[PDB]
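**Student:** experimental coordinates follow, after the sequence.
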Amino acid sequence: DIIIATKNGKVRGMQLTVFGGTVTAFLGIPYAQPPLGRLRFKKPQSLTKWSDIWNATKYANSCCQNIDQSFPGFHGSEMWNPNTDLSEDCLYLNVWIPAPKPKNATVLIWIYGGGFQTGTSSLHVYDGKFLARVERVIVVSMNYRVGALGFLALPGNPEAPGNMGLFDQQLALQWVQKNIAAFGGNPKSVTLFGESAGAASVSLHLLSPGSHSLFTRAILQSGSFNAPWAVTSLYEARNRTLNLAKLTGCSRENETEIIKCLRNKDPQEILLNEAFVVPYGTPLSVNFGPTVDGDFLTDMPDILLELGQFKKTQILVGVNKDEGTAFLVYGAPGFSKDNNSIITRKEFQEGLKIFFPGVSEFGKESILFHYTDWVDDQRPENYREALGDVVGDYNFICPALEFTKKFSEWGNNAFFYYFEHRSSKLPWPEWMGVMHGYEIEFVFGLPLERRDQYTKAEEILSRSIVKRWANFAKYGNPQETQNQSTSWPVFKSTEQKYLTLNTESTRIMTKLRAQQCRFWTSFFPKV
Ligand SMILES: *[C@@H]1O[C@H](CO[C@@H]2O[C@@H](C)[C@@H](O)[C@@H](O)[C@@H]2O)[C@@H](O[C@@H]2O[C@H](CO)[C@@H](O)[C@H](O)[C@H]2NC(C)=O)[C@H](O)[C@H]1NC(C)=O
Ligand SMILES: CN(C)CCNc1cc(-c2ccncc2)c(-c2ccc3ccccc3c2)nn1
Ligand SMILES: *[C@@H]1O[C@H](CO[C@@H]2O[C@@H](C)[C@@H](O)[C@@H](O)[C@@H]2O)[C@@H](O)[C@H](O)[C@H]1NC(C)=O
Ligand SMILES: *[C@@H]1O[C@H](CO[C@@H]2O[C@@H](C)[C@@H](O)[C@@H](O)[C@@H]2O)[C@@H](O)[C@H](O)[C@H]1NC(C)=O
Ligand SMILES: *[C@@H]1O[C@H](CO[C@@H]2O[C@@H](C)[C@@H](O)[C@@H](O)[C@@H]2O)[C@@H](O)[C@H](O)[C@H]1NC(C)=O
Ligand SMILES: *[C@@H]1O[C@H](CO)[C@@H](O)[C@H](O)[C@H]1NC(C)=O
Ligand SMILES: *[C@@H]1O[C@H](CO)[C@@H](O)[C@H](O)[C@H]1NC(C)=O
C-alpha cells in the first residue's frame, strides 16, 4: 500500500505494471470545492481538509459537456468523447509518479483541448503512466470546466465573472505547488503542456500574473491564445450570456437575478442551448471561451504579446501538417470520411461560407484568390486540399508561428516543430493526412507499447519525442543527445528555423508557410 499525506489529508493510489516496471497512479484527487448550487459559474473555492484516506484509485467525473454524435460508433470521433460520467462535480486531477518514488523529479502538467467546450483528462491518449515510467517525470493532469459552465461571462460581476475554467486550471497548478513535493516532485521544475485549446490555455498562463510563479516552462501543441477562436471579446461574450438567458427564459433586468435563474437550471437545459447563443456558427465556434475578465487576463492578449508582457522562459511550440482537415467533415459540402472528397470550385466557394460566415464577399474572394492559383490546375484534389490548408493555416499554423516570432523577440529560447507523420493506426481516411490531435499519442508514448499494433518506426519516433519533450521539461532544451540525432535549433525571428518530426527523416527547415501566413497575419485581419 502507498499513502501520501497532502495538505488536505491522506490519499491512497494504485500500483501499475508498466514495461516490466512500476508506476504509482493517483487518479481523481479533488482540488477544489465542487462548483455546485450557489457555486455554479463562480471561481473555484478552495478545499476543506478531510481526516480519512481518500481512495484516488479511479478517474473521476468529467465536467459537463455536449458530446460529438456526428459519427456514432466510429472510433475516430468517439475516442475523444468523455470516458467517465459527466457531472458538475468534476474539479479533480491525476498524478503519475515513478516507482520507486523519486526525490526531486521534474513535473509535467497536461491541459487538454476541445475548443473550451469539450475534453477530459481521463482519455486513453492522455495516460501519463508511460512518461512516468520511461523518463521518470511526474505527470499531472486536471479536469477544468468547459462551455458556459466554465466560461459564461458578465464582466465585473463575480456571480459570473468569466474564465472560471482557466481559474480551475490555475487552482490545480497551485495544488501542485503546495503538494507535489510529498509525491517526490520538484515544484521548482514544472512544465505545462497542452494541445489545441489546452495549448491556448498554456499560452494564457504565460500572460496571467497569477500564474507566473506556478510553473517554469511551457509547451504549446497546435494552439495559442492569438488564434482567432481563442479569446472572445467582451461585447459578444455579453451578447452570448444574454442570448442564453433569453433561451432559458432567464431574462431579468438585475443582471445578478439572471445568474440566480441560470443557477436553478438543470445542467442539461444550459448545455442544450449553448449552440444558439451565436447568430452564425462554424465547426470552430467557441460559444463560451476565455475573455478579458480583468482578473485572470488584464488586457487584450494580443497587446500583451506585442508589448512583451509575459513570463520570460523557454517555449516549445509546434503544429501538425494537416491541422485543418478534421473540421471539413463536420459541415463542408462534398466532404466525407467515407470517400476521397474530391470537391469542385463551387463546392470550395460554398465551403468558405461555412468557415467564414460573417466575412465580406471580398474577404471570401481574397481567400479563394490566394489558395487557388495552382501549378497543375488539373490536379483533382486541388480544391479539397486548398480548403483544408485554408482552415489549418488560418486557425492553427499561422497564429502559432506568429506567437513564436513575437515571444522570441524578447530574448527567450523558442523551439518550433512541424509534425508530419500520419499514424499507422489512424482511423480517419488518407486524404485527411496528419490530423489535428494525432501527435498526442506520440507525445505520451503509446507507440512504446509493442503490444499496441504500431510499427517499429513509430516506436522509435515516439521514443525520441518523449526524450525531447522531457529534456525540454527538465533542462529547457529539447535535444536527444545520444542516438546521433538532429540538433533542434532555437527559433529566431530573422531566420525562423524549425524541426520536422517523422519516421523518415528529421530535418531543419526555415520559414514555415511563409507565403500563406503573410496573407493571414497581414492582409486578411483588415477585411
Ligand atoms: C462523398 O460523399 C459526400 C457525402 O455523401 C455521404 O457519403 C457518401 C459516402 C454516401 O453514403 C452518401 O449517401 C452520403 O450522403 C457526397 O456529397 C453529397 O453528394 C450528393 C450527390 O452528389 C449531394 O446531393 C449531397 O448534397 C452531398 N452532400 C451530402 C452532405 O450528402 C459526395 O458527392 C461524395 N463524393 C465523392 C467524390 O464520392
Ligand atoms: C484536439 N483534439 C480533441 C482532437 C479531437 N477532435 C476534435 C473535434 C472537434 C469538433 C467536434 C465536432 N464538431 C466540430 C469540431 C473539436 C473542436 C470543437 C470546437 C472548437 C472551437 C474552436 C477551435 C477548435 C475547436 C475544436 N476539437 N477536437
Ligand atoms: C478505500 O480503499 C480501502 C482499501 O481497499 C482498496 O481500495 C478499494 C477501492 C478496493 O479496490 C480494494 O480492493 C482495495 O484493496 C478500503 O478498505 C476502503 O473501504 C475504501 N474506502 C472508500 C471510502 O472507498
Ligand atoms: C447579438 O444578439 C442579437 C440578439 O438576437 C438574438 O440572438 C441571435 C443569436 C438569434 O438567435 C436572434 O434571432 C435572436 O433574436 C443578435 O441579433 C445579433 O446578431 C447578435 N450579434 C451581434 C454582433 O449583434
Ligand atoms: C536509442 O536507441 C536504442 C536502440 O538502439 C541501440 O542503442 C543505441 C543507444 C545505439 O547504440 C544503437 O546503435 C543501438 O542499436 C533504444 O533502445 C533507446 O531507447 C534509444 N534512445 C532514445 C532516447 O531514443
Ligand atoms: C530540489 O531542488 C531544488 C533546486 O531545483 C533545491 O533548492 C531543493 O532544495 C531540492 N529539494 C529536494 C528535497 O531535493
Ligand atoms: C440584485 O439583487 C440582489 C439580490 O437580491 C441585490 O443584492 C442587488 O443589489 C440587486 N441589484 C440591482 C441592480 O437591482
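**Tutor:** Cool, the structure landed. Numbers count the residues shown, from 1 in each chain. Ligands and ions are numbered 1, 2, ... in the order given.
**Student:** mind telling me which residue of the stretch 151-300 of the chain is nearest ligand 1?
**Tutor:** Of all residues in the stretch 151-300 of the chain, the one sitting closest to ligand 1 is residue 283 (13.9 Å; Cβ to the nearest ligand atom). Every residue, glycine included, has its C-beta placed from N, CA and C.
**Student:** burial count for that residue?
**Tutor:** A total of 17 residues lie near residue 283 under the criterion other Cβ atoms under 10 Å.
**Student:** hey, where'd the helices end up in the stretch 251-400 of the chain?
**Tutor:** Applying DSSP state H, counting those that start in this stretch to the stretch 251-400 of the chain gives helices spanning 255-263, 267-271, 301-306, 325-328, 345-355, 361-371, 382-392, 398-408.
**Student:** quick one: list the elements packing against the fourth one.
**Tutor:** Helix 325-328 makes packing contacts with helix 382-392 when contacts are defined by 3 or more Cβ pairs under 8 Å, 6 or more residues apart in numbering; DSSP states H and E.
**Student:** quick one, what contacts the spatially closest residue to residue 340 that is not a sequence neighbour?
**Tutor:** Counting by Cβ to Cβ, 6 or more residues apart in numbering, residue 340 lies nearest to residue 431, which is 5.5 Å off, once chain neighbours are set aside. Applying Cβ atoms under 8 Å, 6 or more residues apart in numbering, we find residue 431 in contact with 325, 340-341, 381, 384.
**Student:** list buried residues within those.
**Tutor:** 325, 341, 384 (16 or more other Cβ atoms under 10 Å).
**Student:** just the residues you listed that are near ligand 6?
**Tutor:** With Cβ under 6 Å from any ligand atom as the criterion, the buried ones among the contacts of residue 431 include none near ligand 6.
**Student:** what's the helix ranked longest in the chain packed up against?
**Tutor:** Criterion DSSP state H: the longest helix present in the chain is helix 456-475. Applying 3+ Cβ pairs under 8 Å, 6+ apart, one finds that helix 456-475 makes contact with strand 105-111, helix 129-135, strand 185-195, strand 217-221, helix 440-443.
**Student:** ligand 2: which of these is closest?
**Tutor:** strand 185-195 (5.8 Å).
**Student:** for this protein, which residues are neighbours of ligand 6?
**Tutor:** Residues of the chain lying near ligand 6 (Cβ under 6 Å from any ligand atom): 103-104, 186, 188.
**Student:** save the helices and strands packed on helix 456-475 as CSV, and put in distance to residue 89 and mean neighbour count too.
**Tutor:** Converted to CSV, the helices and strands packed on helix 456-475 look like this (distance: least, Cβ to Cβ, whole Å; neighbours: other Cβ atoms under 10 Å):
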stretch, distance to residue 89, mean neighbour count
strand 105-111, 20, 26
helix 129-135, 25, 23
strand 185-195, 23, 23
strand 217-221, 29, 25
helix 440-443, 26, 23
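**Student:** just to revisit the earlier point, among the buried ones among the contacts of residue 431, which one lies nearest to ligand 4?
**Tutor:** Distances from ligand 4 to the buried ones among the contacts of residue 431, taken by Cβ to the nearest ligand atom, are shortest for residue 325, at 28.9 Å.
**Student:** excluding chain neighbours, what is closest to the closest one?
**Tutor:** residue 432 (4.0 Å).
**Student:** how far away is the one you found from residue 382?
**Tutor:** As judged by Cβ to Cβ, to the nearest Å, residue 432 and residue 382 stand 16 Å apart.
**Student:** where does this structure come near ligand 7, residue by residue?
**Tutor:** Checking the chain against ligand 7 by Cβ under 6 Å from any ligand atom, the hits are 254, 256-257.
**Student:** spit out the contact partners of residue 474.
**Tutor:** Residue 474 sits next to 106, 137, 189 when contact means Cβ under 8 Å, 6+ apart.
**Student:** now do the same contact list for the second one.
**Tutor:** The neighbourhood of residue 137, defined by Cβ under 8 Å, 6+ apart, consists of 98, 105-108, 131, 470, 473-474.
**Student:** between those, which is nearest ligand 4?
**Tutor:** Among those, and counting by Cβ to the nearest ligand atom, the member closest to ligand 4 is residue 108, at 40.3 Å.
**Student:** residue 60 against residue 143, yeah?
**Tutor:** Yes: with contacts counted by Cβ atoms under 8 Å, residue 60 reaches residue 143, the gap being 6.9 Å.
**Student:** between those two, which contacts overlap?
**Tutor:** Counting by Cβ under 8 Å, 6+ apart, the residues touching both residue 60 and residue 143 are 90, 92, 122.
**Student:** buried members of the residues you listed into PyMOL, please.
**Tutor:** In PyMOL, this line selects whichever of these come out buried by 16+ other Cβ under 10 Å:
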select buried, resi 90+92+122
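**Student:** can you redo the shared contacts of residue 60 and residue 143 as CSV with secondary structure and distance to residue 238?
**Tutor:** Formatted as CSV, those follow (DSSP: H, G, I helix; E, B strand; the rest coil; distance: Cβ to Cβ, whole Å):
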residue, secondary structure, distance to residue 238
90, coil, 26
92, strand, 31
122, coil, 33
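**Student:** pick the one among the shared contacts of residue 60 and residue 143 closest to residue 267.
**Tutor:** residue 90 (10.7 Å; Cβ to Cβ).
**Student:** neighbours of the closest residue to that closest one other than its chain neighbours, just the number please.
**Tutor:** Of all residues not flanking residue 90 in the chain, residue 63 sits nearest, at 3.9 Å (Cβ to Cβ, 6+ apart). Residue 63 has 28 neighbours, counted by other Cβ under 10 Å.
**Student:** can you check residue 222 too?
**Tutor:** Burial of residue 222 is recorded as 29 neighbouring residues (other Cβ under 10 Å).
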